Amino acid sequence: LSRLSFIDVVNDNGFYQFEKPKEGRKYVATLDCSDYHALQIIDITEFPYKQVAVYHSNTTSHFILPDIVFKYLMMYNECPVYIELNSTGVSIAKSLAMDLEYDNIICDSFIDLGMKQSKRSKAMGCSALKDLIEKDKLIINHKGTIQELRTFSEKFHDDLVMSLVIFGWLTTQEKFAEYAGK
């Protein structure tokens, strides 16, 4: 843990940015919705991964969120998004697809537009995260995230960590191959 430091970037209206988009780099975004909404944008290129932007808020209406997500996803090279399918993720993921006609959505199946909930995935995901940070394979820069990585037990908020767990689960998958690499 505690070898973790953060860059104290200003909270630009919910959106935290540590690196702006650089052509040639391939990003990936995971979302845990409405507790705050937490949008993690990671750089999966060089197997040094980097958390370049974070969207954090417990005050945006899930009604308008897709617009917010859309903005940042487009901003980072038509970025792929992996939405956890809780009661709200389902609606958000649909808007993102129908309403905003965004096509770079990662799906679990044609019916589930993101990560389908399961005790199995969360667990499996946590583990995958634990070995991404500890091996210094995932570089975190956000203050909140780091604070939650200090009040989140193996078994108070955790949205920013959950968000990074969606990312874990996404790394235990095969499809992750393509999206990866510059």
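Residue numbers here begin at 1 and follow the sequence given.
Between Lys155 and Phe156, determine how many residues of the deposited chain lack coordinates; answer none if the chain runs continuously, otherwise 1 to 3, 4 to 9, or 10 or more. Some 4 to 9 residues are missing between them.
Is there a break between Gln147 and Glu148, and how many deposited residues does it span: none, 1 to 3, 4 to 9, or 10 or more? Missing in between: none.
Name the higher of the two by mean Cα B-factor in the PDB entry, 36-44 versus 128-136. If you average the C-alpha B-factors of 36-44 and of 128-136, the larger mean comes out for 128-136.
Averaging only over Cα atoms, indicate whether 161-169 or 18-26 has the higher B-factor in the PDB entry. Mean CA B-factor is higher for 18-26.
Identify, among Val69, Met115, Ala123, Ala53, the residue whose C-alpha carries the highest B-factor in the deposited PDB entry. Of the candidates given, the C-alpha B-factor peaks at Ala123.
What third of the chain, by the recorded C-alpha B-factor, contains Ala177? For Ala177, whose C-alpha B-factor we compare with every modelled residue in the chain, the answer is the highest third.
Comparing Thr60 with the other modelled residues of its chain, is its CA B-factor in the lowest, middle or highest third? According to the entry, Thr60 has a C-alpha B-factor in the chain's highest third.
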